[PDB]
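J.: give me a model of this one.
(one chain, ligands or ions: 1)
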Amino acid sequence: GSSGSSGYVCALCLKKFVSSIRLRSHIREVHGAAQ
Ligand SMILES: [Zn+2]
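T.: Numbers count the residues shown, from 1 in each chain. What follows is the structure:
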């Protein structure tokens, strides 16, 4: 995982999450970042 901390943070809205999956999926739900 990441170095230090207890969670992962959005690069867009700077919100914190319990996991890298909870972060990855947040971006698709509200920032709409597709492929
Ligand atoms: Zn965000």
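J.: show me which residues of this structure sit near the ion.
T.: On the criterion C-beta under 5 Å from the ion, the ion has as its neighbours in the chain the residues 10, 12-13. C-betas here are computed from N, CA, C, even on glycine.
J.: TSV for the residues you listed, including distance to residue 33, neighbour count and secondary structure?
T.: Output for those, formatted as TSV (distance: C-beta to C-beta, whole Å; neighbours: other C-beta atoms under 10 Å; DSSP: H, G, I helix; E, B strand; the rest coil):
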residue	distance to residue 33	neighbour count	secondary structure
10	11	14	coil
12	8	11	coil
13	12	10	coil
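J.: got phi/psi on the spatially most central residue of the chain?
T.: Residue closest to the mean C-alpha point of the chain, counted by C-alpha atoms, centre = their mean, is residue 23 at 2.2 Å. The main-chain torsion angles of residue 23 are listed as degrees, to the nearest 10 and equal phi -70, psi -50.
J.: and if you look at residue 8?
T.: Reported as degrees, to the nearest 10, the phi and psi values for residue 8 are phi -120, psi 150.
J.: surely it touches residue 25?
T.: No - counting by C-beta atoms under 8 Å, residue 8 sits too far from residue 25 to count as a contact (11.4 Å).
J.: with neighbour numbers in mind, choose between the two.
T.: Per other C-beta atoms under 10 Å, whichever of residue 8 and residue 25 has more neighbours is residue 8, with 18 against 12.
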